[PDB]
Every structure is written in C-alpha cells, then in structure tokens.
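Visitor: can you look at this? It's an experimental structure, sequence on top.
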Amino acid sequence: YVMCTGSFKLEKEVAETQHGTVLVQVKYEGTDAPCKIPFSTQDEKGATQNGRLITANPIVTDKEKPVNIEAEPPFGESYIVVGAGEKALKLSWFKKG
Amino acid sequence: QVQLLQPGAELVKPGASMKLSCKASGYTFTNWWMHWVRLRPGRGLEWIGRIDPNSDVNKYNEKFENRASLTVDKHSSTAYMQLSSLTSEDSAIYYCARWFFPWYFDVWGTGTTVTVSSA
Amino acid sequence: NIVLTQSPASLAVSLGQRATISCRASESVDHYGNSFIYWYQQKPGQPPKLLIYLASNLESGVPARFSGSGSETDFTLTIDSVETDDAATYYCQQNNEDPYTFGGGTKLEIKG
Ligand SMILES: [Cl-]
Ligand SMILES: [Cl-]
Ligand SMILES: [Cl-]
Ligand SMILES: [Cl-]
C-alpha cells in the first residue's frame, strides 16, 4: 500500500506493556484507506532515533476502526510520531532502563 | 501558495561573516521546521542544520556547528542562517527548505548565490 | 555519517526509453520498516523538487512514469519512458540519521 496522507487521533492513552514495549491505538481521519500508517520515533532535537515495530505492518483497513500498534521505542526520552505532515501526531514517551 | 523568498546574491570577503534570510509566506510559519542546504559547483548538496521556528529547538551538521547559527523571527516569519569565518569553500547556492515532518523537504527557497571573494 | 553513492555520474537516454538511476547507502536507512530516503529533481536555475519519498511513494503531481524501489541500502529511481522535460540532475537524500546526507547527483540527458 501507499503511505496514509490523512490525520491521526490518539484513541487511548499510550500504554507500556509487560516487556518494555508500547501500545499505541490510533484513529484515522483520511479518505485513502487502506494505507500504511507512518510510524516513527525522534529525540528532542528532531533526530530520527532507532527502534522496532512489533505490529506486523500498521495498516488502516477501515477508517472507522481504530488500529493498534505495538512498538519497542528507544530507551529514555523520545517522541512517537504517528502520521506525517503538519498534523502529525507527536507523543512524548519515556522508557525506563 | 507557499513561498520561501531569499535574496538572489551575496558578495562577502573571506574571513567575514554573513547572515542569510528566508522570508516565508502562504502558510503558518511556526507550524513547520526550516532546514538549510547548500549546493556547491560539482560537489553536490550539503545539509547545514534545522530549526523549529515555534520552539527554537535546533540541530546542526557537525561540520558547520562551531561556525553557524540558525535563528528565526516569528514576528516577520523569517528564518536566518549565519555563517562566519567564511572561505572560498563556502561559495555556494544556499537554500532554506521546509520540512514535511518527519520526512522530506517539500518547499525550497529561491536560493542565494553566495560568492566569497576579496573583491 | 551515512554515505550515499549514486550511479552513474551521468547518462543519456533516447526519448521514450527507460532510465534507471541507483543510490547505494553505506549503511541501512530503514526506520521501523520504512526507508528514510528521498529523490529530488533539479534543473538549471531552479531549486530542487521532491519526486519520490520513502523509496517508492510518488509525490502528488509527479507523472506516473516515475517510480522508485529498494530497501535498506540499495535504491533505484526509474522513468519507464523519458520525455524531454525529464532532463535534470537527480539526488537521493537520507534522514535516517543526523547529519542528513545527499548523494553526489546523477545528470540525465535526453536524445532526440
Ligand atoms: Cl519574535
Ligand atoms: Cl519543472
Ligand atoms: Cl541551481
Ligand atoms: Cl509531464
């Protein structure tokens, strides 16, 4: 699929799982579904900062259905970025360890 | 329609300093990061740094860090890039570019052809 | 720094024929399953213009003849049928890690 162009709304509070990963549930507000969800993490200065996706491939099947995303964020302070463009969801996260 | 306007040319002496302007229009200036990139003849494109005009957070290419300064003026929606201790190696076309977060550069400035010469 | 090497330095393609430009990275530009790499087009007297993002996605307004592919360290830009206005220099760029780096540029000419 092509990358989603639309906006995302956070559906639930971001949650830490038992094993140092985060569960992010988002709701899509676009017209181009199905599409792949832009998902990344940055540091404070906007630098791309490494990690891995537990969720296979984040895809919006139905814009009325929220999508779950499990990820292993970098350690310490980062920003989880869902979507792209001016309306990109930018969420602060701290991972202890 | 988005426009990033820069002066067409600057002529500065070696060792001097320069301050380049980027005047944004057509959008909410503080909603997008601004990057700076230069093009040298036969040497390609080089990334200088980025700044968030909203919060003044920034990051430099280490090659330019001791030598460069990124600033904005929210009031006039203008971003500035200052580079000092200029040599002939800094003669280039300097572009400011808007960040399509967190990926590519969607809008490029008009560009400022900078010549570093004793004349 | 991630080094991006483009090939060839320049090339000429007969009008209507296929063109291919490659970009090779000194290490991975993948971030959460996406390639943080971009292709820009620049013509003389003009600032660059984005064509392809995340290796394979077409920017709106860009003709369908443009396509890109690859992952990790090997990427290609393809124009399956060149036209006159496709003559330009093409640059790949990564932002998978600071500082952002650009490829050396590939200059495409058109015959006919
Ligand atoms: Cl101000
Ligand atoms: Cl054009
Ligand atoms: Cl130019
Ligand atoms: Cl066309």
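Guide: Yep, it's here. Numbering: from 1, shown residues only, chains lettered A, B, ... in the order given. Ligands and ions are numbered 1, 2, ... in the order given.
Visitor: quick one: contacts of stretch A:78-97?
Guide: A:3-10, A:14, A:16, A:20, A:22, A:24, A:26, A:37-44, A:49, A:51, A:69, A:71, A:73-77, B:31-32, B:100-103 (CB atoms under 8 Å, 6 or more residues apart in numbering or on different chains). (C-beta placed from N, C-alpha, C; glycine too.)
Visitor: where do the strands sit along chain A?
Guide: Secondary structure of chain A by DSSP state E: the strands cover A:7-10, A:15-16, A:22-29, A:35-36, A:39-42, A:52-53, A:59-60, A:67-72, A:76-82, A:89-95.
Visitor: wait, does the fifth one contact chain B?
Guide: Yes - contact between strand A:39-42 and chain B, assessed by CB under 8 Å from any CB of the partner chain, occurs at A:40, A:42.
Visitor: does chain C sit close to that strand?
Guide: Yes - contact of strand A:39-42 with chain C (CB under 8 Å from any CB) involves A:39-41.
Visitor: nearest the geometric middle of chain C, what residue?
Guide: Centroid-nearest residue in chain C: residue C:39, 3.7 Å away (criterion: CA atoms, centre = their mean).
Visitor: my guess is it meets residue C:54, correct?
Guide: No - assessed by CB atoms under 8 Å, residue C:39 is found out of contact with residue C:54, at 10.3 Å.
Visitor: whichever of the contacts of stretch A:78-97 end up buried, select them in PyMOL.
Guide: A single PyMOL command selects the buried members of the contacts of stretch A:78-97 (16 or more other CB atoms under 10 Å in any protein chain shown):
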select buried, (chain A and resi 3+4+6+7+8+14+22+24+26+37+38+39+40+41+42+49+51+69+71+73) or (chain B and resi 32+100+101+102+103)
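Visitor: what sits closest to residue A:83 if chain neighbours are left out?
Guide: residue A:8 (4.5 Å; CB to CB, 6 or more residues apart in numbering or on different chains).
Visitor: which residues touch stretch B:45-65?
Guide: A:44-47, B:29-40, B:68, B:70-72, B:74, B:79, B:81, B:83, B:92, B:99, C:48, C:91, C:93, C:98-102, C:105.
Visitor: how about 7 Å then?
Guide: Contacts with stretch B:45-65, where a contact means CB atoms under 7 Å, 6 or more residues apart in numbering or on different chains, come from A:44-47, B:29-30, B:33-40, B:68, B:70, B:72, B:74, B:79, B:81, B:83, B:99, C:91, C:98-102.
Visitor: can you name the next helix or strand after the helix or strand residue C:23 falls within?
Guide: Secondary structure assigned from DSSP states H and E places residue C:23 in strand C:19-25. Where DSSP H and E defines the elements, the next helix or strand beyond strand C:19-25 is strand C:30-31.
Visitor: and that next one, anywhere near chain B?
Guide: No - using CB under 7 Å from any CB of the partner chain, strand C:30-31 never reaches chain B; the gap is at least 9.2 Å.
Visitor: now do that strand: which elements does it pack against?
Guide: Applying 3 or more CB pairs under 7 Å, 6 or more residues apart in numbering or on different chains; DSSP states H and E, one finds that strand C:30-31 makes contact with no other helix or strand.
Visitor: partners of it in the sheet?
Guide: Strand C:30-31 sits in its sheet next to strand C:34-35 (antiparallel), going by DSSP bridges.
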